[PDB]
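Asks: After the structure tokens below, expect a handful of questions from me.
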Amino acid sequence: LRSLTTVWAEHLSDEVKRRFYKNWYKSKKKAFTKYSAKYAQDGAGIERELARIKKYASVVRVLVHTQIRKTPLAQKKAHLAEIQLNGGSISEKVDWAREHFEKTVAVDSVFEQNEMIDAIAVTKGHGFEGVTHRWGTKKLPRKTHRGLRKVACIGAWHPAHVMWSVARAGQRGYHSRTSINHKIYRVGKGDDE
Amino acid sequence: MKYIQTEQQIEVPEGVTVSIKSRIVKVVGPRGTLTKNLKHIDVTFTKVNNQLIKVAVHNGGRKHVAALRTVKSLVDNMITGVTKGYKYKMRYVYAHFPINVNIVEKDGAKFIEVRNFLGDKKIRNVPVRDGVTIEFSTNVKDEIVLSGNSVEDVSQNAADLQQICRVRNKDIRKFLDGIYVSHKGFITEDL
Amino acid sequence: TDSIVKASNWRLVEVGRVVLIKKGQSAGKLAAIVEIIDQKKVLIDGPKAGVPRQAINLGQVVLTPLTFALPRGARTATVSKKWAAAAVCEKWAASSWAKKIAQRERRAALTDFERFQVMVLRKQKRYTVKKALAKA
Amino acid sequence: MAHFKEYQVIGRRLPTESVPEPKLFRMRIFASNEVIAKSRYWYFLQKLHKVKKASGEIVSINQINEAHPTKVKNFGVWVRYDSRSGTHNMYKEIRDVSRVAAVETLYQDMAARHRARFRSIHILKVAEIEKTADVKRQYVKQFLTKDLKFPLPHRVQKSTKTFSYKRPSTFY
Amino acid sequence: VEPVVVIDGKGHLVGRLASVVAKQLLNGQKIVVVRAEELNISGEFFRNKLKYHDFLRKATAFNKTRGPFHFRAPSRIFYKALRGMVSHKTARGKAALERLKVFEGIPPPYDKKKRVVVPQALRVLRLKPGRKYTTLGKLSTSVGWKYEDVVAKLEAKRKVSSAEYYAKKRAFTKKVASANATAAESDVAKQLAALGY
RNA sequence: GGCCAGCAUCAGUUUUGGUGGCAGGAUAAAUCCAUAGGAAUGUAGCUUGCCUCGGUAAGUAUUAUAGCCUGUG
RNA sequence: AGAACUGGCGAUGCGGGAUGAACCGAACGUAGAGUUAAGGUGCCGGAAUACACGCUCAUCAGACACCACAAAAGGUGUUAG
RNA sequence: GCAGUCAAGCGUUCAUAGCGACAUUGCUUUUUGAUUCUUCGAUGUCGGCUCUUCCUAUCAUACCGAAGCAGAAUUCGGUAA
RNA sequence: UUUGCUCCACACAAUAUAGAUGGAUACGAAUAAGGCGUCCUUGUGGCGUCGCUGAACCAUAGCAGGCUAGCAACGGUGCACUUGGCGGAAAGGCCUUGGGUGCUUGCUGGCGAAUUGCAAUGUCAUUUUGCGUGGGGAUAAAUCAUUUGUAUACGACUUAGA
Ligand SMILES: COC(=O)C[C@](O)(CCCC(C)(C)O)C(=O)O[C@@H]1C(OC)=C[C@]23CCCN2CCc2cc4c(cc2[C@H]13)OCO4
Ligand SMILES: [Mg+2]
Ligand SMILES: [Mg+2]
Ligand SMILES: [Mg+2]
Ligand SMILES: [Mg+2]
Ligand SMILES: [Mg+2]
Ligand SMILES: [Mg+2]
Ligand SMILES: [Mg+2]
Ligand SMILES: [Mg+2]
Ligand SMILES: [Mg+2]
Ligand SMILES: [Mg+2]
Ligand SMILES: [Mg+2]
Ligand SMILES: [Mg+2]
Ligand SMILES: [Mg+2]
Ligand SMILES: [Mg+2]
Ligand SMILES: [Mg+2]
Ligand SMILES: [Mg+2]
Ligand SMILES: [Mg+2]
Ligand SMILES: [Mg+2]
Ligand SMILES: [Mg+2]
Ligand SMILES: [Mg+2]
Ligand SMILES: [Mg+2]
Ligand SMILES: [Mg+2]
Ligand SMILES: [Mg+2]
Ligand SMILES: [Mg+2]
Ligand SMILES: [Mg+2]
Ligand SMILES: [Mg+2]
Ligand SMILES: [Mg+2]
Ligand SMILES: [Mg+2]
Ligand SMILES: [Mg+2]
Ligand SMILES: [Mg+2]
Ligand SMILES: [Mg+2]
Ligand SMILES: [Mg+2]
Ligand SMILES: [Mg+2]
Ligand SMILES: [Mg+2]
Ligand SMILES: [Mg+2]
Ligand SMILES: [Mg+2]
Ligand SMILES: [Mg+2]
Ligand SMILES: [Mg+2]
Ligand SMILES: [Mg+2]
Ligand SMILES: [Mg+2]
Ligand SMILES: [Mg+2]
Ligand SMILES: [Mg+2]
Ligand SMILES: [Mg+2]
Ligand SMILES: [Mg+2]
Ligand SMILES: [Mg+2]
Ligand SMILES: [Mg+2]
Ligand SMILES: [Mg+2]
Ligand SMILES: [Mg+2]
């Protein structure tokens, strides 16, 4: 699969403009300023792109970003991401996408009560880990010289190489995971006591 | 020893016109039409006259010659299938549990649904193949009846049913239960 | 609704099948299959083109679509008699094949100048045909 | 062993005082040259008589040329041969145009069907099967049927350039 | 002979195609191979499938990375066949391989360029008829290649456009032939016939 | 005449073509010609049986409205 | 493990047998041209994807001395007897 | 140590369901021997613990074929690590 | 930080080069079957023809191709422009329109060529970069340090700061 165009909305919240930077405060904040001018003239440029997507394109994804300022976090810099679109017909898809530029989508139009959903996230971090807790290896006996949270035999004499399949110390956590089958017990509304 | 020429005949009946390009055989008779690919073989078909076709193998080994005859038959049975038609008969066999056989359908389907086999709570299902049609033969106890233009499609659809009723974990010569092919024949009668 | 069964229609090894020889001191020469030895060997004879009566591998020979009356195992004089009689030589001479053989044989014998003359001619022929190919 | 000639080889028992003019025996011998052919002669003669080359003499060596070298003939061939596990007598029929041709492909056939190298074979008789319907082996009877005609399906022309611009055709 | 020779893979035998493609390179001849999914291998599918799984088990025991890599795409099955025929660890070796390119289907440029064939590797000229043989696409997809169906799609599309092209071409050459026929009988025409033209 | 080359005529070594004259042999064997006999995977003619006015088939039939084999010269 | 005769390796490179003390070829001053040996000529790799007759299709085919193994016993696979 | 071939026997009857004498062909290299080629200017000896990976001549588990398989239970054999 | 960047144009200069030296010249499919022409009932159709290799086809004459004149044709083609249309598999190329302009060896003329000395690749390609000039166009950011802790052995990660 290969991306051939990305059509962007005319206006762009600072929260996303945040994301395109590493030093927002110092910066002149020129991100997407020429692009925005593509709207000016009648529409020409963006139509042809939208049009091109429509003609080819085997899948359509939407670029959504989060409203991190509506959130207790301090982070300020929002989160941008692509979401595939599975309603009918390539063309209706981009029409939907175009219709929703700068506009907003709600959770209750994607999820409903009792739905099984999956969670995709980066696992909590633990930094550099011993072999015992990282792999659940057996603790060595108390009598052993030079320590015991280890593995006793790191391999046979042949292959005369430590192999990929034995437990070694090293990073623990901050792994990407894809959990499935988490049932939704509530879809909460914010404007609701 | 490489036989320099051996050949066979395919007779053609009053109502049908077989027609063959590359090695693709289309046989069309009163009962419909059947087509079958022979490209995997190397024989040479030859029309001599609207009631006769010859098939032959130039300079061939045993296996090659051996496949001459089976070509003859495969096109023969297309021709007979398309005239008389085929009709496989099967009877149920069970020493205590009545085997109940119906025809269900999901999404245009047509499936053969076998119930209570040896008691099994499990519901058995066999697809009805396209071209083959299934009557539960009245005036005969526990007779199912598959018929079609294509031997190979009725023979197989039957064998599909008989085999979905294999008996496991028992002495299968005491537990003889199952649907079995009980007669192989033609559709159009007197013949 | 007839039946329509292709054909596939091969040249045969059979007595009095004329063949163009392709390897050897004969080569380019025609000849006639007289008798027939095994699946792979035949006895040929080509008195008119000067090829010796001989045994030959079919693979050295190429079968032409020409045939003519020949008693199997016919001797050389008999071959030359029927050959003439059947006029095979003008028959072959007349074929696209032999015409194509004669062609390239000529092209190969041209002279640097003849070659140059050909070019001047083609330029000329091109000029009038390109015109034609532009009016309808 | 090669491409054969056929020789008459004549020899005889070195003369003596009490027995001058010894009996004279002939063999036809299929061989590539007259050197191999005299060798072969002595090889068989010491299998039949009390002689050996040391005490015998070759009298004449002559090449026998085929009578009618462009007449298709049906040969029946008798052979003796050594297999791996014991020795064996055979009859084949070979159809070609000279006895010399015929022996060339016998030797080939023994080698290929029975893995018999040239040392392990003895030609017993090679003789033209006069009247047909004495032809025994079917791989020959086959070729004797009246008005015989057969096509050669699936033609392979040998390319001369490495590349082609056509896609070939095995028509014929 | 030509600056670049594009070979239509279809109906060619892997190792014979490899054997000639290798030698061409080493001699300085750029080559592109196309439709590699329609390559053939002697022997029935099941054999060449098992043969593949033998290749498939060889790996560096201590680290399956460093060990032998298994490419599953028909082009790349083919490249393996080739690279083995080329002293590919010499500079001269790397040199010759850079003259090579293999593709599934016939992507741009090459699809409007003519492709040739290689008779001494053409299956239909080489395999004794009756012997079983294998199609790369079928083999590759059985060992994990992802893209058989797409290649099929795109080609069928390509294959439509080019029949247009052809038919349009076939129609113009008919004009040309008509044009040629009036010129027949003219002096220049009879003259050229003399000189073999 | 310093360095390197090209061609010509020759010499030593070698390699790769064209071409002339002779000697053997079954004084090659064949083809070819002549002649005697012969047969069948039997050419004409003939007979017989079906068969849309002859074409087939199964009999006779040894050069006839094809030819071949075998010896001798 | 131990004798007989010769030829070797040890003391010896060179060409071949991928590799290798002993096998095959061949024994060494510096070089030019030629021809070969043993062994090879699809590609790696110099050299016929040469010619010819068979044979063989293996859901663990086979592929060249020394050499880097297989046997009894079986097959209605196929081939010739 | 493990596996065959022949088939006299065993198995109510019945050679080969399951077994199998007298013979006889093999495989294996966790047995033990035989050897003494490598290491004596030194390659850390038994067992356990820990841990990885491999083999299959498969104990269990998936799907099968056979039985002197009524059922249940078992036994034999296949694809299987 | 000394007038920097970019696209186009030519100019000088360097530096290269796995190897220009008329043209990579486009259906598909089958091979115990096909291409092409033609007709028709439009089909697994009739009739004709072809292969047997690209040995083809196309191009090809002119100071490495100069300077010139005329005729016949109204064709071919180069080039920059302009009309409409197609191609996303890596489309980055293909087709169509229209005027302009150059060439034309389709044919017929005037002039030139030597002394590069009897051969010496006798230099005619395309890669990348550097430096001025002036025809368009454009006016950022990252890092250190500071900072958070969804991160961390150090780097790295993740926040924040006109
Ligand atoms: C009988 O035992 C020994 O001889 C033990 C030892 O002394 C090993 C101790 C070595 C040091 C001092 C380095 O620990 C020794 O000399 O080992 C040799 C030794 O020592 C390094 C190496 C040897 C010989 C080759 C490998 N092998 C392994 C160790 C060993 C073990 C033995 C053995 C000999 C060896 C030798 O006989 C019985 O079991
Ligand atoms: Mg784009
Ligand atoms: Mg801890
Ligand atoms: Mg644990
Ligand atoms: Mg845990
Ligand atoms: Mg542990
Ligand atoms: Mg301690
Ligand atoms: Mg059971
Ligand atoms: Mg039970
Ligand atoms: Mg004779
Ligand atoms: Mg010099
Ligand atoms: Mg000289
Ligand atoms: Mg001479
Ligand atoms: Mg005749
Ligand atoms: Mg010493
Ligand atoms: Mg030596
Ligand atoms: Mg060496
Ligand atoms: Mg070796
Ligand atoms: Mg020796
Ligand atoms: Mg290699
Ligand atoms: Mg080579
Ligand atoms: Mg040669
Ligand atoms: Mg041996
Ligand atoms: Mg055996
Ligand atoms: Mg056998
Ligand atoms: Mg006994
Ligand atoms: Mg019993
Ligand atoms: Mg008993
Ligand atoms: Mg043990
Ligand atoms: Mg020792
Ligand atoms: Mg020891
Ligand atoms: Mg020691
Ligand atoms: Mg040491
Ligand atoms: Mg150690
Ligand atoms: Mg394994
Ligand atoms: Mg096993
Ligand atoms: Mg019993
Ligand atoms: Mg089983
Ligand atoms: Mg496992
Ligand atoms: Mg494994
Ligand atoms: Mg370079
Ligand atoms: Mg045709
Ligand atoms: Mg047509
Ligand atoms: Mg037609
Ligand atoms: Mg062409
Ligand atoms: Mg000019
Ligand atoms: Mg590309
Ligand atoms: Mg002029
Ligand atoms: Mg500037």
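By convention in this document, the chains of the structure tokens carry letters A, B, ... by their order, each chain's residues are numbered from 1, and ligands are numbered from 1 in the order they are shown.
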How close does each residue of chain D get to chain F, giving the shortest atom pair and distance in Å to one decimal for every residue with an atom at most 6 Å away, counting only C-alpha atoms (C1' of nucleotides), sorted by chain and residue number, as CSV?
Replies:
```
residue,atom,partner,partner_atom,distance
D:65,CA,F:29,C1',5.2
D:145,CA,F:41,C1',5.7
D:146,CA,F:41,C1',4.4
```
Asks: Near chain C, which residues of chain B fall within 9 Å when you count only C-alpha atoms, and what do they look like as an MDAnalysis selection string?
Replies: chainID B and resid 2 4 16:22 44:51 53 59
Asks: Store the residues picked out above, limited to N, CA, C and O atoms, as a compact mmCIF listing (two decimals), in the first residue's frame.
Replies:
```
# COMPACT_ATOMS: atom_id res chain seq x y z
N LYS B 2 6.47 -46.61 -27.71
CA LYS B 2 5.99 -45.52 -28.58
C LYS B 2 5.14 -45.99 -29.78
O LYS B 2 5.64 -46.34 -30.85
N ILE B 4 2.73 -45.67 -32.82
CA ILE B 4 2.84 -44.61 -33.80
C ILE B 4 1.49 -43.97 -34.06
O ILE B 4 1.42 -42.76 -34.21
N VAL B 16 -27.58 -33.88 -30.46
CA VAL B 16 -26.48 -33.08 -29.91
C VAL B 16 -25.39 -32.72 -30.91
O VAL B 16 -25.12 -33.43 -31.88
N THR B 17 -24.77 -31.58 -30.66
CA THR B 17 -23.68 -31.08 -31.46
C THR B 17 -22.50 -30.69 -30.58
O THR B 17 -22.47 -29.57 -30.08
N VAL B 18 -21.57 -31.62 -30.38
CA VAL B 18 -20.30 -31.35 -29.69
C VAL B 18 -19.43 -30.38 -30.52
O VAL B 18 -19.53 -30.39 -31.74
N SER B 19 -18.63 -29.53 -29.88
CA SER B 19 -17.77 -28.59 -30.59
C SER B 19 -16.53 -28.24 -29.78
O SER B 19 -16.64 -27.91 -28.60
N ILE B 20 -15.36 -28.30 -30.43
CA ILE B 20 -14.07 -28.36 -29.73
C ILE B 20 -12.99 -27.46 -30.33
O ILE B 20 -12.53 -27.73 -31.43
N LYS B 21 -12.57 -26.42 -29.61
CA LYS B 21 -11.41 -25.60 -30.06
C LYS B 21 -10.32 -25.53 -29.01
O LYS B 21 -10.59 -25.60 -27.83
N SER B 22 -9.08 -25.35 -29.46
CA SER B 22 -7.92 -25.77 -28.68
C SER B 22 -8.26 -27.18 -28.24
O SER B 22 -8.65 -28.00 -29.08
N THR B 44 -5.49 -35.52 -30.36
CA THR B 44 -6.01 -34.70 -31.45
C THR B 44 -7.44 -35.11 -31.88
O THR B 44 -7.65 -36.19 -32.48
N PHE B 45 -8.41 -34.27 -31.56
CA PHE B 45 -9.78 -34.50 -32.01
C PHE B 45 -9.93 -34.25 -33.50
O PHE B 45 -9.24 -33.43 -34.08
N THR B 46 -10.87 -34.97 -34.10
CA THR B 46 -11.13 -34.91 -35.51
C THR B 46 -12.54 -35.27 -35.79
O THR B 46 -12.95 -36.41 -35.51
N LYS B 47 -13.28 -34.32 -36.35
CA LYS B 47 -14.61 -34.59 -36.89
C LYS B 47 -14.52 -35.41 -38.17
O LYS B 47 -13.79 -35.07 -39.07
N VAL B 48 -15.25 -36.51 -38.24
CA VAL B 48 -15.39 -37.22 -39.50
C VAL B 48 -16.79 -36.92 -40.06
O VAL B 48 -16.92 -36.64 -41.25
N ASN B 49 -17.81 -36.91 -39.20
CA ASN B 49 -19.18 -36.53 -39.61
C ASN B 49 -20.14 -36.38 -38.43
O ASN B 49 -20.10 -37.20 -37.52
N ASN B 50 -21.03 -35.39 -38.47
CA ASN B 50 -21.98 -35.09 -37.37
C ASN B 50 -22.50 -36.24 -36.45
O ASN B 50 -23.22 -35.99 -35.48
N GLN B 51 -22.11 -37.48 -36.73
CA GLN B 51 -22.40 -38.58 -35.81
C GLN B 51 -21.10 -39.28 -35.36
O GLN B 51 -21.13 -40.35 -34.73
N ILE B 53 -16.73 -38.60 -34.08
CA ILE B 53 -15.49 -37.89 -33.82
C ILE B 53 -14.42 -38.90 -33.48
O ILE B 53 -14.70 -39.87 -32.79
N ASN B 59 2.58 -41.23 -31.79
CA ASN B 59 3.84 -41.55 -31.11
C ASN B 59 3.79 -41.43 -29.59
O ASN B 59 4.38 -40.52 -29.03
```
Asks: Near chain D, which residues of chain G fall within 6 Å when you count only C-alpha atoms (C1' of nucleotides), and what do they look like as a PyMOL selection string?
Replies: chain G and resi 54-55+80
Asks: Identify, counting only C-alpha atoms (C1' of nucleotides) and all ligand atoms, the protein, DNA and RNA residues located within 10 Å of ligand 48, and give them as number ranges by chain.
Replies: I: 62, 68-69, 105, 108-111
Asks: Produce a file of the selected residues containing N, CA, C and O atoms (P, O5', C5', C4', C3', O3' and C1' of nucleotides), as a PDB file, in the first residue's frame.
Replies:
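Result saved to again_39.pdb:
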```
ATOM      1  P     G I  62      27.048  11.470 -46.884  1.00  0.00           P
ATOM      2  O5'   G I  62      26.946  12.934 -47.476  1.00  0.00           O
ATOM      3  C5'   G I  62      27.796  13.342 -48.524  1.00  0.00           C
ATOM      4  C4'   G I  62      27.522  14.770 -48.858  1.00  0.00           C
ATOM      5  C3'   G I  62      27.763  15.746 -47.713  1.00  0.00           C
ATOM      6  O3'   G I  62      28.233  16.972 -48.254  1.00  0.00           O
ATOM      7  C1'   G I  62      25.546  15.942 -48.461  1.00  0.00           C
ATOM      8  P     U I  68      23.755  30.077 -47.345  1.00  0.00           P
ATOM      9  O5'   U I  68      23.766  30.374 -48.899  1.00  0.00           O
ATOM     10  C5'   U I  68      22.676  30.018 -49.710  1.00  0.00           C
ATOM     11  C4'   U I  68      23.087  29.993 -51.147  1.00  0.00           C
ATOM     12  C3'   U I  68      21.994  29.596 -52.106  1.00  0.00           C
ATOM     13  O3'   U I  68      21.118  30.645 -52.404  1.00  0.00           O
ATOM     14  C1'   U I  68      23.885  28.313 -52.567  1.00  0.00           C
ATOM     15  P     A I  69      19.553  30.403 -52.169  1.00  0.00           P
ATOM     16  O5'   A I  69      18.997  30.343 -53.654  1.00  0.00           O
ATOM     17  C5'   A I  69      19.738  30.907 -54.713  1.00  0.00           C
ATOM     18  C4'   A I  69      19.435  30.219 -56.015  1.00  0.00           C
ATOM     19  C3'   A I  69      18.054  29.606 -56.159  1.00  0.00           C
ATOM     20  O3'   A I  69      17.028  30.550 -56.413  1.00  0.00           O
ATOM     21  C1'   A I  69      19.666  28.120 -57.009  1.00  0.00           C
ATOM     22  P     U I 105      17.081  17.265 -51.018  1.00  0.00           P
ATOM     23  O5'   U I 105      16.298  16.127 -51.802  1.00  0.00           O
ATOM     24  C5'   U I 105      16.997  15.081 -52.451  1.00  0.00           C
ATOM     25  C4'   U I 105      16.783  13.743 -51.805  1.00  0.00           C
ATOM     26  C3'   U I 105      16.496  13.757 -50.317  1.00  0.00           C
ATOM     27  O3'   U I 105      15.779  12.568 -49.936  1.00  0.00           O
ATOM     28  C1'   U I 105      18.684  12.902 -50.729  1.00  0.00           C
ATOM     29  P     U I 108      18.157  13.772 -60.404  1.00  0.00           P
ATOM     30  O5'   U I 108      18.269  15.180 -61.127  1.00  0.00           O
ATOM     31  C5'   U I 108      17.555  15.455 -62.311  1.00  0.00           C
ATOM     32  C4'   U I 108      17.673  16.911 -62.644  1.00  0.00           C
ATOM     33  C3'   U I 108      19.035  17.521 -62.419  1.00  0.00           C
ATOM     34  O3'   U I 108      19.971  17.190 -63.430  1.00  0.00           O
ATOM     35  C1'   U I 108      17.389  18.960 -61.570  1.00  0.00           C
ATOM     36  P     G I 109      21.532  17.490 -63.197  1.00  0.00           P
ATOM     37  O5'   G I 109      21.547  19.050 -62.936  1.00  0.00           O
ATOM     38  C5'   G I 109      22.668  19.684 -62.364  1.00  0.00           C
ATOM     39  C4'   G I 109      22.520  21.170 -62.429  1.00  0.00           C
ATOM     40  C3'   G I 109      23.674  21.941 -61.842  1.00  0.00           C
ATOM     41  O3'   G I 109      24.745  22.037 -62.750  1.00  0.00           O
ATOM     42  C1'   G I 109      21.650  22.830 -61.028  1.00  0.00           C
ATOM     43  P     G I 110      26.260  22.096 -62.214  1.00  0.00           P
ATOM     44  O5'   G I 110      26.355  23.506 -61.492  1.00  0.00           O
ATOM     45  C5'   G I 110      26.572  24.661 -62.293  1.00  0.00           C
ATOM     46  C4'   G I 110      26.829  25.878 -61.454  1.00  0.00           C
ATOM     47  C3'   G I 110      28.052  25.823 -60.567  1.00  0.00           C
ATOM     48  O3'   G I 110      29.268  26.064 -61.249  1.00  0.00           O
ATOM     49  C1'   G I 110      26.233  26.543 -59.292  1.00  0.00           C
ATOM     50  P     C I 111      30.516  25.107 -60.921  1.00  0.00           P
ATOM     51  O5'   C I 111      30.917  25.547 -59.430  1.00  0.00           O
ATOM     52  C5'   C I 111      31.356  26.872 -59.170  1.00  0.00           C
ATOM     53  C4'   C I 111      31.373  27.217 -57.701  1.00  0.00           C
ATOM     54  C3'   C I 111      32.308  26.433 -56.815  1.00  0.00           C
ATOM     55  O3'   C I 111      33.661  26.771 -56.941  1.00  0.00           O
ATOM     56  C1'   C I 111      30.246  26.695 -55.729  1.00  0.00           C
TER      57        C I 111
END
```
Asks: Please find the residues of chain G near chain C - the criterion being any atom within 12 Å, counting only C-alpha atoms (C1' of nucleotides) - and write them as an NGL selection string.
Replies: :G and (51-53)
Asks: Please return, as a count of residues only, all residues of chain I lying within 10 Å of chain D when only C-alpha atoms (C1' of nucleotides) are considered.
Replies: 9
Asks: Please identify the residues whose atoms come within 9 Å of ligand 40, using only C-alpha atoms (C1' of nucleotides) and all ligand atoms, and report them as a count of residues only.
Replies: 3
Asks: Residues contacting ligand 10 - anything with an atom at most 9 Å away, using only C-alpha atoms (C1' of nucleotides) and all ligand atoms - can you give me those as a PDB file with N, CA and C atoms, in the first residue's frame?
Replies:
```pdb
ATOM      1  N   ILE D  64      33.794 -56.244 -45.843  1.00  0.00           N
ATOM      2  CA  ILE D  64      32.624 -56.614 -46.594  1.00  0.00           C
ATOM      3  C   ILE D  64      31.738 -55.389 -46.681  1.00  0.00           C
ATOM      4  N   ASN D  65      31.390 -54.958 -47.899  1.00  0.00           N
ATOM      5  CA  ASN D  65      30.561 -53.761 -48.074  1.00  0.00           C
ATOM      6  C   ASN D  65      29.105 -54.184 -48.255  1.00  0.00           C
ATOM      7  N   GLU D  66      28.151 -53.337 -47.886  1.00  0.00           N
ATOM      8  CA  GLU D  66      26.740 -53.731 -47.842  1.00  0.00           C
ATOM      9  C   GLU D  66      26.275 -53.999 -49.227  1.00  0.00           C
ATOM     10  N   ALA D  67      25.481 -55.040 -49.444  1.00  0.00           N
ATOM     11  CA  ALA D  67      25.028 -55.362 -50.801  1.00  0.00           C
ATOM     12  C   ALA D  67      24.214 -54.242 -51.439  1.00  0.00           C
ATOM     13  N   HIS D  68      23.064 -53.938 -50.864  1.00  0.00           N
ATOM     14  CA  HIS D  68      22.241 -52.872 -51.402  1.00  0.00           C
ATOM     15  C   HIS D  68      22.016 -51.791 -50.374  1.00  0.00           C
ATOM     16  N   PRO D  69      22.987 -50.867 -50.256  1.00  0.00           N
ATOM     17  CA  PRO D  69      23.103 -49.948 -49.130  1.00  0.00           C
ATOM     18  C   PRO D  69      21.991 -48.934 -49.086  1.00  0.00           C
ATOM     19  N   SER D  98      21.663 -50.995 -43.517  1.00  0.00           N
ATOM     20  CA  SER D  98      22.884 -51.757 -43.678  1.00  0.00           C
ATOM     21  C   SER D  98      23.088 -52.598 -42.433  1.00  0.00           C
ATOM     22  N   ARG D  99      23.893 -53.660 -42.480  1.00  0.00           N
ATOM     23  CA  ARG D  99      24.127 -54.469 -41.272  1.00  0.00           C
ATOM     24  C   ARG D  99      25.016 -53.647 -40.339  1.00  0.00           C
TER      25      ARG D  99
END
```
Asks: What does the list of residues within 10 Å of ligand 13 look like if you count only C-alpha atoms (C1' of nucleotides) and all ligand atoms, written as a ChimeraX atom specification?
Replies: /F:19-22
Asks: Kindly export the residues of the current selection with N, CA and C atoms (P, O5', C5', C4', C3', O3' and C1' of nucleotides), as a PDB file, in the first residue's frame.
Replies:
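Wrote out.pdb, looks like this:
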```
ATOM      1  P     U F  19      38.077 -26.072 -52.804  1.00  0.00           P
ATOM      2  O5'   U F  19      39.224 -26.375 -53.882  1.00  0.00           O
ATOM      3  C5'   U F  19      39.331 -25.586 -55.053  1.00  0.00           C
ATOM      4  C4'   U F  19      40.718 -25.609 -55.642  1.00  0.00           C
ATOM      5  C3'   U F  19      41.227 -26.950 -56.152  1.00  0.00           C
ATOM      6  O3'   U F  19      40.722 -27.308 -57.425  1.00  0.00           O
ATOM      7  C1'   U F  19      42.932 -25.883 -54.912  1.00  0.00           C
ATOM      8  P     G F  20      40.476 -28.864 -57.766  1.00  0.00           P
ATOM      9  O5'   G F  20      41.875 -29.366 -58.371  1.00  0.00           O
ATOM     10  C5'   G F  20      42.431 -28.700 -59.480  1.00  0.00           C
ATOM     11  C4'   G F  20      43.822 -29.166 -59.807  1.00  0.00           C
ATOM     12  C3'   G F  20      44.038 -30.656 -59.930  1.00  0.00           C
ATOM     13  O3'   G F  20      43.586 -31.167 -61.162  1.00  0.00           O
ATOM     14  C1'   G F  20      45.792 -29.726 -58.681  1.00  0.00           C
ATOM     15  P     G F  21      42.986 -32.655 -61.250  1.00  0.00           P
ATOM     16  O5'   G F  21      44.303 -33.572 -61.290  1.00  0.00           O
ATOM     17  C5'   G F  21      45.422 -33.247 -62.111  1.00  0.00           C
ATOM     18  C4'   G F  21      46.658 -34.043 -61.744  1.00  0.00           C
ATOM     19  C3'   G F  21      46.491 -35.548 -61.548  1.00  0.00           C
ATOM     20  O3'   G F  21      46.413 -36.305 -62.742  1.00  0.00           O
ATOM     21  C1'   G F  21      47.732 -34.704 -59.755  1.00  0.00           C
ATOM     22  P     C F  22      45.549 -37.664 -62.695  1.00  0.00           P
ATOM     23  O5'   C F  22      46.626 -38.788 -62.426  1.00  0.00           O
ATOM     24  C5'   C F  22      46.309 -39.824 -61.545  1.00  0.00           C
ATOM     25  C4'   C F  22      47.449 -40.130 -60.642  1.00  0.00           C
ATOM     26  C3'   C F  22      47.266 -41.421 -59.897  1.00  0.00           C
ATOM     27  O3'   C F  22      47.659 -42.508 -60.687  1.00  0.00           O
ATOM     28  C1'   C F  22      47.872 -39.748 -58.378  1.00  0.00           C
TER      29        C F  22
END
```
Asks: Around ligand 11, out to 9 Å and counting only C-alpha atoms (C1' of nucleotides) and all ligand atoms, which residues are there? I want them as a PyMOL selection string.
Replies: chain F and resi 3-5
Asks: I need the contact residues of chain D against chain B, so if you could list those with any atom within 12 Å, counting only C-alpha atoms, and return them as a PyMOL selection string, that would help.
Replies: chain D and resi 137-145+148-154
Asks: For the selection just defined, write its residues with C-alpha atoms to a file, as a short mmCIF file (atom, residue, chain, number, x, y, z; two decimals), in the first residue's frame.
Replies:
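selection37.cif, freshly written:
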```
data_model
loop_
_atom_site.label_atom_id
_atom_site.label_comp_id
_atom_site.auth_asym_id
_atom_site.auth_seq_id
_atom_site.Cartn_x
_atom_site.Cartn_y
_atom_site.Cartn_z
CA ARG D 137 8.96 -57.98 -32.61
CA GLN D 138 6.06 -55.51 -32.66
CA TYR D 139 8.23 -52.40 -32.41
CA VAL D 140 9.13 -53.32 -35.97
CA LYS D 141 5.88 -54.89 -37.28
CA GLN D 142 4.51 -51.49 -36.57
CA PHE D 143 6.38 -49.97 -39.50
CA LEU D 144 5.30 -52.48 -42.12
CA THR D 145 1.70 -51.51 -42.47
CA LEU D 148 1.97 -45.80 -43.66
CA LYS D 149 1.85 -42.11 -42.78
CA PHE D 150 2.48 -40.31 -39.47
CA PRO D 151 2.81 -36.68 -38.43
CA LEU D 152 5.59 -35.22 -36.26
CA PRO D 153 3.70 -33.13 -33.63
CA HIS D 154 5.16 -30.23 -31.65
#
```
